[PDB]
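Input: a single structure, listed below in structure tokens.
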Amino acid sequence: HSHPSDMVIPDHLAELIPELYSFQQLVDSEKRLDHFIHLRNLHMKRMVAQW
Amino acid sequence: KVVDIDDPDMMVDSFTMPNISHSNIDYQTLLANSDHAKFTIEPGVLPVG
Amino acid sequence: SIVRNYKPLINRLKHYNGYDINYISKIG
Amino acid sequence: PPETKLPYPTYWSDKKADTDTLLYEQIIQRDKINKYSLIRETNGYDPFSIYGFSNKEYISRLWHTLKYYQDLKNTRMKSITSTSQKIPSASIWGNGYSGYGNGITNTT
Amino acid sequence: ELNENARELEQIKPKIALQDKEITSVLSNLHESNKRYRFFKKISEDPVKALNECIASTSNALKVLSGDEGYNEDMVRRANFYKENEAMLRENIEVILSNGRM
Amino acid sequence: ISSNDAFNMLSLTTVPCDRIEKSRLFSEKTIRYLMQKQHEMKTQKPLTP
Amino acid sequence: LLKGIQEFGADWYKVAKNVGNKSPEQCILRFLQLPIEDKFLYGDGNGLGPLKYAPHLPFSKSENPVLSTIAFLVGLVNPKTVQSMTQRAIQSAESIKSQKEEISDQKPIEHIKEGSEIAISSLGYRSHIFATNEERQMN
Amino acid sequence: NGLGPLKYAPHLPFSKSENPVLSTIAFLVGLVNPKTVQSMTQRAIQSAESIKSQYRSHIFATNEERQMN
Amino acid sequence: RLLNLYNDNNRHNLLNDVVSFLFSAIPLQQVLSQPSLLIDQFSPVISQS
């Protein structure tokens with residue numbers, strides 16, 4: 001039942017506490033990591049199918 | 001021996017003195033105790049409404 | 001001899017603002 | 001030392017007013033006041049009116065209102081059902097347009 | 001190697017799920033405490049207007065939770081309300097009369 | 001309910017404004033984590049053909 | 001009273017203990033130069049609008065909602081910043097008669113107005129303190 | 001002034017027994033002049049800051065917390 | 001006026017945004033991660049994107 005808007009830091013909390021800005025950045029970095037790992041998985045599978 | 005008489009208008013010998021000279025409590029403890037089902041008031045030291 | 005002690009009144013909150021709004025909200 | 005019932009509340013402090021005795025007076029007076037007002041806060045006075053604010057009169061009024069609206073909904077369903085069987089029935093909203101231009105409301 | 005990497009991912013996932021649960025809990029607590037902060041700030045910045053607003057909002061919340069509606073009784077017992085809303089009253093009176101409801 | 005609780009904490013608590021202490025900004029978990037990570041960051045091929 | 005205010009602050013039980021024969025609420029209410037018993041002000045029941053209709057037991061056992069609320073709300077705020085807040089509060093052992101004469105010849109409603117102003121300002125100050133602590137918790 | 005709380009007659013969420021301060025304050029807010037109230041609370045805040053005198057300075061006060069940040 | 005308000009070499013930001021939006025509508029990671037059922041349910045949006 002969890003809602004996708006729970007993760008949003010609205011706009012004014014982030015200028016009351018600047019660290020929340022950085023928090024968002026961390027989140028985004030994590031996304032990058034995940035996607036990269038995802039691609040690697042796919043790639044490995046393909047190579048096996050080739051070999 | 002003591003007795004908890006618990007009736008206002010009958011003459012007594014002593015009374016349990018309320019919390020009047022407090023000590024330092026932190027804000028998070030007040031946050032925890034302020035909730036319903038844990039909040040207690042003592043009308044002897046609060047104002048009349 | 002025994003001492004007679006009167007202990008003051010400590011109460012927990014019964015209603016929210018003079019009313020209990022859970023039941024009122026149900027009926028409403 | 002038998003019980004003596006403590007005549008008028010400020011009995012003690014009229015003899016050598018001290019800090020502890022005055023605090024005791026304040027405490028017992030406000031305890032009596034709090035108890036009585038709480039009893040009247042939720043219940044009310046002996047005469048019982050549905051136009052009361054206390055707690056029980058407010059909820060009694062809400063219950064009576066709910067019962068009225070439930071039987072109103074029952075009559076509204078009666079009207080719908082009766083008009084479904086091609087027996088024209090009156091409605092709490094009126095007849096609408098009568099037989100003229102704009103035709104006749106109060107059909108299915 | 002594919003199977004080994006899949007195994008290590010499946011081992012690492014549960015801790016990540018637990019930490020996501022904790023993150024959502026902390027975010028909800030942050031929202032609640034921000035509510036409280038805004039409340040206390042409003043009260044401290046302009047106390048009289050804040051207290052009036054608080055009283056009005058509590059009374060209106062009780063009214064709405066009871067399933068009640070209508071005009072304020074104190075406003076409509078006075079004669080200014082009817083010399084200020086002259087046009088509305090005229091139109092309504094004509095509509096009610098011409099239909100036979102008055 | 002929450003507004004009731006907040007105003008009760010504000011007005012019905014018999015604690016002077018001085019005796020309210022400050023709470024922590026860093027739980028001991030984050031302190032341990034920060035020290036551990038400070039240690040581990042204190043300890044810390046060109047495409048061969 | 002003034003010595004105890006200089007020594008202890010916002011601990012009015014010890015101030016009263018120093019006074020010997022008075023209650024903390026009476027010490028607070030004399031610190032602000034206000035009466036007690038609540039009937040010498042607004043004893044009627046048209047400056048005060050809805051206070052006319054407030055119920056009260058007749059002839060015996062008076063209760064003071066207004067003065068009790070004032071003494072409670074100002075008993076939390078560190079008498080030194082109270083002395084800085086308003087000039088009505090007694091400020092030194094030598095300023096007693098001066099301030100008593102200056103408040104003299106006021107209308108009975110002016111006393112209520114000033115008392116309630118002090119009370120609501122104390123409540124606003126306390127709420128500011130709570131706001132800073134909430135910010136701390138957010139961090 | 002005004003009717004005050006009585007202005008909301010049918011719905012009055014006040015409790016003399018449980019919330020004694022709010023009912024009294026609801027009656028009292030009518031008398032006062034709000035501008036003097038603002039001035040007094042601002043004086044109180046400034047005097048408290050001056051007493052404790054003798055970036056987020058109010059949040060990070062101890063020397064250690066700034067280094068941890 | 002509106003184009004200058006949107007883009008503020010800051011040109012063709014609108015083209016980039018439109019095409020990036022259209023690409024983000026194709027659920028690539030979700031269908032490729034696990035397969036026939038998902039593409040059967042998503043073929044209309046993929047087709048039109």
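Going through the structure tokens in order, the chains are called A, B, and so on, while each chain numbers its residues from 1 and the ligands are numbered from 1 in the order shown.
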
For this session: For chain H, report every residue with an atom at most 9 Å from chain G (counting only C-alpha atoms), formatted as a PyMOL selection string.
Result: chain H and resi 1-6+20-21+24-25+27-34+36-45+47-48+51+58-60

Show me, as JSON lines, the residues of chain F having an atom within 12 Å of chain E, each with the closest atom pair and its distance in Å, using only C-alpha atoms.
{"residue": "F:1", "atom": "CA", "partner": "E:58", "partner_atom": "CA", "distance": 10.1}
{"residue": "F:2", "atom": "CA", "partner": "E:36", "partner_atom": "CA", "distance": 8.9}
{"residue": "F:3", "atom": "CA", "partner": "E:36", "partner_atom": "CA", "distance": 8.5}
{"residue": "F:4", "atom": "CA", "partner": "E:58", "partner_atom": "CA", "distance": 9.1}
{"residue": "F:5", "atom": "CA", "partner": "E:36", "partner_atom": "CA", "distance": 10.2}
{"residue": "F:6", "atom": "CA", "partner": "E:36", "partner_atom": "CA", "distance": 7.2}
{"residue": "F:7", "atom": "CA", "partner": "E:40", "partner_atom": "CA", "distance": 9.1}
{"residue": "F:9", "atom": "CA", "partner": "E:36", "partner_atom": "CA", "distance": 11.1}
{"residue": "F:10", "atom": "CA", "partner": "E:40", "partner_atom": "CA", "distance": 8.8}
{"residue": "F:11", "atom": "CA", "partner": "E:40", "partner_atom": "CA", "distance": 11.7}

Mind dumping a table of every chain I residue within 9 Å of chain A, with the nearest atom pair and its distance in Å to one decimal, using only C-alpha atoms, sorted by chain and rising number, as JSON lines?
{"residue": "I:29", "atom": "CA", "partner": "A:38", "partner_atom": "CA", "distance": 7.9}
{"residue": "I:32", "atom": "CA", "partner": "A:42", "partner_atom": "CA", "distance": 8.2}
{"residue": "I:33", "atom": "CA", "partner": "A:38", "partner_atom": "CA", "distance": 7.6}

DSSP says strand (DSSP E or B) for which residues of chain B? Put them as a compact mmCIF listing (two decimals) with N, CA and C atoms, in the first residue's frame?
# COMPACT_ATOMS: atom_id res chain seq x y z
N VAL B 2 0.73 4.60 57.50
CA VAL B 2 0.09 5.69 56.77
C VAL B 2 -1.25 5.20 56.23
N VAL B 3 -2.07 6.16 55.81
CA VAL B 3 -3.34 5.87 55.15
C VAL B 3 -3.50 6.82 53.97
N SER B 14 -1.21 14.79 56.87
CA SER B 14 -0.15 15.07 55.88
C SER B 14 -0.70 14.95 54.46
N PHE B 15 0.05 15.47 53.49
CA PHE B 15 -0.34 15.36 52.09
C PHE B 15 0.89 15.11 51.24
N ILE B 25 14.56 17.72 32.29
CA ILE B 25 14.16 16.66 31.37
C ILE B 25 14.45 17.14 29.96
N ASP B 26 14.73 16.20 29.07
CA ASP B 26 15.04 16.56 27.69
C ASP B 26 13.76 16.66 26.87
N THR B 40 -0.55 12.73 31.86
CA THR B 40 -1.28 12.88 33.12
C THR B 40 -1.16 14.32 33.57
N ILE B 41 -2.27 14.88 34.04
CA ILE B 41 -2.27 16.22 34.60
C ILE B 41 -2.56 16.11 36.09

For this session: Return the neighbours of chain D among the residues of chain H, cut-off 8 Å, counting only C-alpha atoms, as a ChimeraX atom specification.
Result: /H:10,15-18

For this session: Show which residues sit within 9 Å of residue 17 in chain D, as a ChimeraX atom specification. Count only C-alpha atoms, and ignore same-chain residues fewer than 5 positions away.
Result: /D:12,22 /G:20-22

For this session: Identify, with DSSP run on backbone atoms, the residues in chain G assigned to alpha helix (DSSP H), and express the list as a ChimeraX atom specification.
Result: /G:2-7,12-19,24-31,65-74,79-85,96-103,108-138

Distance limit 7 Å, atoms considered: only C-alpha atoms. Which chain D residues sit that close to chain B? Return them as a PDB file with N, CA and C atoms, in the first residue's frame.
ATOM      1  N   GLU D   3     -11.801  11.164  63.482  1.00  0.00           N
ATOM      2  CA  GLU D   3     -12.006  12.047  62.347  1.00  0.00           C
ATOM      3  C   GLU D   3     -12.896  13.220  62.739  1.00  0.00           C
ATOM      4  N   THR D   4     -12.626  14.380  62.138  1.00  0.00           N
ATOM      5  CA  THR D   4     -13.266  15.625  62.532  1.00  0.00           C
ATOM      6  C   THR D   4     -13.950  16.343  61.373  1.00  0.00           C
ATOM      7  N   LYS D   5     -13.749  15.893  60.136  1.00  0.00           N
ATOM      8  CA  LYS D   5     -14.426  16.362  58.924  1.00  0.00           C
ATOM      9  C   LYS D   5     -13.962  17.726  58.426  1.00  0.00           C
ATOM     10  N   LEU D   6     -13.013  18.393  59.090  1.00  0.00           N
ATOM     11  CA  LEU D   6     -12.415  19.610  58.541  1.00  0.00           C
ATOM     12  C   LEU D   6     -13.438  20.674  58.165  1.00  0.00           C
ATOM     13  N   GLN D  26      -4.879  25.296  48.334  1.00  0.00           N
ATOM     14  CA  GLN D  26      -5.011  25.381  46.887  1.00  0.00           C
ATOM     15  C   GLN D  26      -5.252  24.010  46.276  1.00  0.00           C
ATOM     16  N   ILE D  27      -4.499  23.007  46.729  1.00  0.00           N
ATOM     17  CA  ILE D  27      -4.594  21.677  46.137  1.00  0.00           C
ATOM     18  C   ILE D  27      -5.982  21.085  46.349  1.00  0.00           C
ATOM     19  N   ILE D  28      -6.482  21.120  47.585  1.00  0.00           N
ATOM     20  CA  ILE D  28      -7.760  20.459  47.846  1.00  0.00           C
ATOM     21  C   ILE D  28      -8.903  21.200  47.162  1.00  0.00           C
ATOM     22  N   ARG D  30      -8.795  22.948  44.327  1.00  0.00           N
ATOM     23  CA  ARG D  30      -8.802  22.674  42.899  1.00  0.00           C
ATOM     24  C   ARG D  30      -9.153  21.224  42.608  1.00  0.00           C
ATOM     25  N   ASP D  31      -8.891  20.310  43.545  1.00  0.00           N
ATOM     26  CA  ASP D  31      -9.309  18.927  43.340  1.00  0.00           C
ATOM     27  C   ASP D  31     -10.827  18.796  43.367  1.00  0.00           C
ATOM     28  N   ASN D  34     -12.186  20.318  40.132  1.00  0.00           N
ATOM     29  CA  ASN D  34     -11.956  19.466  38.976  1.00  0.00           C
ATOM     30  C   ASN D  34     -12.926  18.300  38.950  1.00  0.00           C
TER      31      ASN D  34
END

Using only C-alpha atoms, which residues of chain C come within 7 Å of chain H, and what is the closest atom pair for each, with the distance in Å to one decimal? Give it as a Markdown table, sorted by chain and residue number.
| residue | atom | partner | partner_atom | distance |
| --- | --- | --- | --- | --- |
| C:13 | CA | H:18 | CA | 6.7 |
| C:17 | CA | H:13 | CA | 5.1 |
| C:18 | CA | H:15 | CA | 4.9 |

Problem set entry | residue 11 in chain A environment, 12 Å, only C-alpha atoms, sequence neighbours closer than 5 positions dropped, as a list in words |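 Using only C-alpha atoms, the neighbours found are residues 16, 17, 18, 20, 21 and 24 of chain A.
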
Could you write out that same residue set with C-alpha atoms as a PDB file, in the first residue's frame?
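Result went into result36.pdb, see below:
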ATOM      1  CA  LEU A  16      15.593  24.507   6.248  1.00  0.00           C
ATOM      2  CA  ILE A  17      17.956  21.519   6.499  1.00  0.00           C
ATOM      3  CA  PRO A  18      20.532  21.678   3.672  1.00  0.00           C
ATOM      4  CA  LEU A  20      18.364  16.863   2.804  1.00  0.00           C
ATOM      5  CA  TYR A  21      19.599  18.173  -0.545  1.00  0.00           C
ATOM      6  CA  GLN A  24      18.525  13.329  -2.491  1.00  0.00           C
TER       7      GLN A  24
END
